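Chains, contacts and geometry: an overview
Below, each chain spelled out in residue letters.
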Protein chains: 2
Amino acid sequence: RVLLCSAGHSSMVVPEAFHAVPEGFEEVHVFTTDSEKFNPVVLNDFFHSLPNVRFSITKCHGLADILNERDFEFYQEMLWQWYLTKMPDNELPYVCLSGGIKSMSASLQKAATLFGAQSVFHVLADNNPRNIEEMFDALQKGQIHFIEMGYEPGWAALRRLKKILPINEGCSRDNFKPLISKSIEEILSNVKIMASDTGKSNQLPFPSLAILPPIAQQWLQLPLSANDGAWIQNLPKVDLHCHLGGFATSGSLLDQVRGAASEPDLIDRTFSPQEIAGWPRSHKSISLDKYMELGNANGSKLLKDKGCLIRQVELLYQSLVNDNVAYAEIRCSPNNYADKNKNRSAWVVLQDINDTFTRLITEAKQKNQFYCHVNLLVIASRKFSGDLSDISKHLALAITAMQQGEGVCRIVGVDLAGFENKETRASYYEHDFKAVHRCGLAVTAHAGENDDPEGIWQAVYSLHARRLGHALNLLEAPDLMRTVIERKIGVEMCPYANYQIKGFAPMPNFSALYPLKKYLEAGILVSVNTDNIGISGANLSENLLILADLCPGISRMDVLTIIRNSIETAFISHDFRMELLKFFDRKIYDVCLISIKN
Amino acid sequence: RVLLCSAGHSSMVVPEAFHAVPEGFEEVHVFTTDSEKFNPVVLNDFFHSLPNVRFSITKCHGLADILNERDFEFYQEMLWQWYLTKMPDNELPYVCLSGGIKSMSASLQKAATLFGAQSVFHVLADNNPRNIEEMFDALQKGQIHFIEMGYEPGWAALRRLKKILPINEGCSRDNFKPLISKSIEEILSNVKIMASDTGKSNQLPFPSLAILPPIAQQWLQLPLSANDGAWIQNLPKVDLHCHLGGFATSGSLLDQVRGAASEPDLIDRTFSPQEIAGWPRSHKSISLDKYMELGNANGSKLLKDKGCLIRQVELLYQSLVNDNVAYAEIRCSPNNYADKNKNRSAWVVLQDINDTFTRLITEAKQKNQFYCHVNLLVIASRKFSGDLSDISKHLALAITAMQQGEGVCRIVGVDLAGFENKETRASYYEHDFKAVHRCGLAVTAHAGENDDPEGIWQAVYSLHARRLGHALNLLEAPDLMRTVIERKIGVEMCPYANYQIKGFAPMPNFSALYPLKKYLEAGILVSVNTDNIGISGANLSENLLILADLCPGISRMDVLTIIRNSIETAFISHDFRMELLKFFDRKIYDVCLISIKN
Ligand SMILES: Nc1ncnc2c1ncn2[C@@H]1O[C@H](COP(=O)(O)OP(=O)(O)OP(=O)(O)O)[C@@H](O)[C@H]1O
Ligand SMILES: [Mg+2]
Ligand SMILES: [Mg+2]
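Parameters at a glance
- Residues numbered from 1 in each chain as written, not as in the entry; some residues may be left out.
- Chains lettered and ligands numbered in written order.
- Part of a larger assembly, values for the part shown.
- Heavy atoms only, no water.
- Residues with missing side-chain atoms left out of burial classes, pairs and counts.
- Helix = DSSP H or I, 4+ residues; strand = E, 2+ residues; numbered from the N terminus.
- Contact = heavy atoms within 4.5 Å.
- Pairing = 2+ DSSP bridges.
- Axes fitted to C-alpha atoms, helices over the stretch in contact; angles between N-to-C directions.
- Buried area = accessible area lost by both parts, 1.4 Å probe.
- Salt bridge = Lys/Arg side-chain N within 4 Å of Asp/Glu carboxyl O.
- Polar contact = N/O pair within 3.5 Å; in protein donor to acceptor, adjacent residues only side chain to side chain.
- Core = buried A, V, L, I, M, F, W, Y, C linked by side-chain atoms within 4.5 Å.
- Buried < 20%, exposed > 50% of the residue type's maximum accessible area, 1.4 Å probe, protein only.
- Donors = N, O, S within 2.8 Å, 3.2 Å for Na, K, Ca; no water.
- UniProt positions renumbered as here; feature names shortened; annotations may be inferred.

From N to C terminus, chain A includes 24 helices and 14 strands. Its C-alpha atoms put chain A at 95 × 55 × 45 Å along the principal axes. Sequence separation of 24 or more characterises 77% of the internal contacts of chain A that already satisfy a separation of 6 or more.

Written as structure tokens, this is what we have:
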């Protein structure tokens, strides 16, 4: 534990403060003015007699004493900076103020009641000793009193400034930056709002956003622009549509993933994807057959090798972490990644993926970096070319994948993905799903891509699906939005992928307007995703960035509420959801405040 | 404008403090200990030169100096009490902090931070003035210096703490009661309670709850007690399960209704209740049966006519408004009140109810009062043996009612209540609801009070229900418990009804405990309701009050979360939900900042 104090003429207050806790203090630091009256020799001797306790002195350099308003405000600002930079990262610190004249004592007490303190107290000696040999017996005689006027909690989030303002070392009065002004204006202009409006208080998610100063709060409501990309890079994000096999399809990713293949003889390195003019900003709509022929370079031909798959998983995890993503669900198809000649069953492949992800999560968590949680989603394919029984296999595997349970990464549910050419919607597979919901899994459904808005109703009701894929043409069925919104049914959508494959504004000759803003206005639980991280040629950061051009007039509150919806619609447990929400709220406050100070 | 300060050995601080604002002042008060060093002559002579203002001196009897813990606590108690009784009625005062030694400085700074002050400031003069002429010259020279720490909004609930104890007519050490120290120890006990608590600390209900002072939040963390009735009485609330047919059934509440009978003859006036002793605190648990006979004073027998029904609905709306319920839904079964001979069809009854509700709402809205928006629920009671075809009729009625659309009040869904049994589960009526879901209706299911778990599973998966009634036995089937949590299927539970039916808050010979605390901890979107108002003999406010003795260890923040859940699972459109959220956040912030003083 740590304590803070200020000393003036009374140079022996610090040893009395150290004796406050019978257990014994661990860190002692004192902030004092430039006055020569304070004697560092006695304190240095006392703290060298107890080397086990860390010791550090900071001094208000350039100000011997306070005599005008400027001296007081400079000293108070330096004191607040010192308190901010010297408080413990997690626990609140202890405070003593028995030394110093009324000015510094009051300033540090207001600091304690502003920044929070573990325990604030005073020491008073009846015999007012001067050297150690006197208060030794004074505390032995009991004349020394350790008074406590009460614990002070302080604001729940007002030490977070320790990150937004690079606690700078200090500065001559000419190089003056008023942190005092920032704290005062934030407190005032967020309290000088009364109970009138205060409407945007609830209209915003992440309830700590209200505490954010209005100097940036009104900046949040301004329409989004393509120049704010740096900011959204620092935003913690959530991805729900990221195919595992859709990562290494272009760039040096291909070279690195093929270099990790155990046998380079079988891999056909000659095949290369065809480039599209202006990619990812294509000048025309790209057909779906063109979509997975562009993605035909990746798939299952090269990931059959165990080492190649391991390297792909590690590279995808590294790309996820480097993009400030905090949570992700990865769609995988183990059946495609299995073979019997080398005796690699699909269950073995899924177990290997799970082990790789949990090992990466644990190794990232041990060293306390920013790591992204990953959960898996087994693909129950449309199963082209007959042999329908395969799908049932997948479902069974899914159940037996969930019952393993133990680990940090888990199989949260199944998927219903495939071509819309066969017109098969819900009823063509409904004969099997009377057991997945019984187990306790979750069912998504990529439907409504280019077909009628009818089968989506069966997907919502007959399948009890909790999320929907794409479905950009929901505007033609208001009776469908009624049940979509009323049921709190989430919707996943990937602006880059669907924009490339179908075409939207502002691309000329395409008059269809992108409905994401309309969906948000209607209240649909919308979640922006990446679909195929590699083939689409754009990660989640640019995928969210492009909305400033795809849907003009979109605001930053919209981006934050999409993030909130993506958090809400994830297939996660309750306690994990709250933990994720708390971490996301703290980090979102941090970034949204650091951004405006630049 | 008032000046609040403490003077010890120094008496020259007060003239400078008065001369702080060039505009002058009107009132000055000074507190002091029993120290004989303090001389009052100088201040009296100075203030007599300005008779237009009022001056006073406060002396701490029997305390000359602070030498130990008892002296410190005594001085703190009397200074806090004196500062509280000198509080101006509606305006924050100005505080001076350059008198005495640092102890009173820190104590009164803490007092100013807690109770609030217009502006706290310190004086300082180089010459250290002693008498009148020389300090007047010092003020003329401009050598006087004034430093204002900042305007403190203050915590606005310790104000009419004056109203209970303004002054204990000169309290002595033999009769001193440090009530302010009791409040401080209350907050300290809250701190040592919540210092190792997770879960709840996550996500306040609505935002703008964080802008409250930290003391307010710390108070909010305190577990709720039976003494906090007035706070929730002022608190806006929401009802979702209220029976119209059981509002007035005892006391004088049915007298004015029956009194307003259209045909004052066929109205029986001889029925009596079952002479229940402990109602609504009845320790003896009675199991159904006696309920319907107890409520026979109202219902079908009395609601056949028109005037009585209008009087009953007006009285119910008045009671709803009186309890600060900002939104509620009422269960009703119009086919039970229809009279074919008098041309009063079921549709006629429903139209009359809707029209009177919307007229009352419009009348309340015209006067800019606290109008309670009310929506309707039609009950498809499981009459079973008697002409089950009527069931379909009821559903048809609903589909034909909400279609009319226009009006503030509407029929938003159906209720599947009735004789819950092995047969009467969701397994025979599910053929008919194909229509209901196609018309944007919401379906509840009163089940689980005596039914098996698989019946609840069918209800939540076959009828696509969105809320459940009672359902007190969810802890015995963790699988359906989880499928309730992660599907966001709300649970309506009535505390008083289940208390009088089953056994919790142990009466003699019963040890079963209410699971509401476990329900909330697990993350279910639980919602406290009333079922019936009359027969239960308790409105919503007492229903929430009884929770303190029903589920000990529940905190008021969880009560706010319960309100949020209630306003989350209500069947309403998104925009109306947002507006309702705004109004609720406003009223709750105002309540917790103003009326929480008790
Ligand atoms: N569910 C989570 N998801 C991602 N990261 C988490 C999660 N839980 C904890 N962490 C990590 O715990 C660490 C705690 O950090 P800490 O409280 O010390 O704040 P900080 O060091 O000032 O800034 P930062 O949050 O960036 O580390 C965070 O870095 C965070 O990445
Ligand atoms: Mg996809
Ligand atoms: Mg009922």
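This part takes up the sheet that holds strand β8 (residues 325-332) of chain A. All names here are of chain A. With respect to topology, 4 strands assemble into an open sheet ordered β7-β8-β9-β10, the strand pairing being parallel. Among the strands making up the open sheet, the edge pair consists of β7 (237-243) and β10 (411-417). Taking each pair of neighbouring strands and ignoring which way they run, the sheet shows an average axis angle of 25 degrees. Bridge count between β8 and strand β9 (residues 373-381): 6 bridges; the pairing is parallel. When the bridges of β9 are listed, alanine 328 appears paired with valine 374. Relative to the sheet, helix α13 (residues 306-322) contacts β7, β8 and β9, its axis offset from that of β8 by approximately 150 degrees. Strand contacts of helix α15 (residues 389-402): β9 and β10, with the helix running at about 155 degrees to β9, the strand carrying the most contacts.

We now examine the interface of chain A and chain B. Taken together, the contact pairs 67 residues of chain A with 69 residues of chain B. Buried surface at the junction of chain A and chain B, summed over both partners, amounts to about 6,000 Å²; 58% is from carbon and sulfur atoms. In terms of surface lost to chain B, no three residues of chain A exceed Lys102(A), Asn202(A) and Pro207(A), which account for 11% of the buried area on that side. Scanning the region where chain A abuts chain B turns up 3 salt bridges. Across the pair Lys488(A) and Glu568(B) runs a salt bridge, and its minimum N-O distance is 3.9 Å. Scanning the region where chain A abuts chain B turns up 17 residue pairs in polar contact. In terms of residue count, helix α4 (residues 102-115) of chain A provides more of the side of chain A that touches chain B than any other element does, 8 residues in total.

Looking now at the nonpolar core. Counting residues in each nonpolar core, the largest one holds 251 residues, and the members touching the most others are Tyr83(B), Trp231(B) and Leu516(B). Beyond its immediate sequence surroundings of up to four residues, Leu516(B) is in contact with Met493(B), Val526(B), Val528(B), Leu547(B) and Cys551(B). Of all hydrophobic cores here, the second largest spans 51 residues; its members include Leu244(A), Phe247(A), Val257(A) and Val374(A).

Residue and element names in this part refer to chain A. Around the magnesium ion (ligand 2), the donor atoms from the protein are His241 (NE2), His243 (NE2) and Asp531 (OD), and they sit 2.2 to 2.3 Å away. Taken in sequence order, the residues that donate to the magnesium ion (ligand 2) follow the motif H-x1-H-x287-D. Of the two residues, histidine 243 sits in strand β7 while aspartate 531 sits in the loop between β14 (525-528) and α21 (540-545), which places them 288 residues apart along the sequence. Taking the relative accessible area as the measure of exposure, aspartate 531 reaches 8% and is therefore buried.

What follows is about the coordination of the magnesium ion (ligand 3). Residue and element names in this part refer to chain B. At this site the magnesium ion (ligand 3) is bound by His241 (NE2), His243 (NE2) and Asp531 (OD), with donor distances of 2.0 to 2.5 Å. Read N to C, the donor residues that coordinate the magnesium ion (ligand 3) are spaced as H-x1-H-x287-D. A relative accessible area of 22% means that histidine 243 is categorised as partly exposed.

All names here are of chain A. Per the UniProt entry, the sites bearing "binding site: ATP 7" (unreviewed entry) are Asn296, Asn336 and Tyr337 in this numbering. With residues near it in sequence (within four places) discarded, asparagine 296 still touches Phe271 and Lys301. As for its placement among the helices and strands, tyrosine 337 is situated in the loop between β8 and α14 (346-366). The exposure class assigned to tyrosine 337 is buried, which follows from its relative accessible area of 7%.

Residue and element names in this part refer to chain A. In the numbering used here, UniProt assigns the "binding site: Mg(2+)" (unreviewed entry) feature to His241, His243, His446 and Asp531. Maximum C-alpha separation among the annotated residues is 12.9 Å over a sequence range of 291 residues, consistent with a single clustered spot. Tracing the sequence through the fold places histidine 241 in strand β7. Excluding its chain neighbours within four sequence positions, the residues that come into contact with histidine 243 are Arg331, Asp531 and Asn532.

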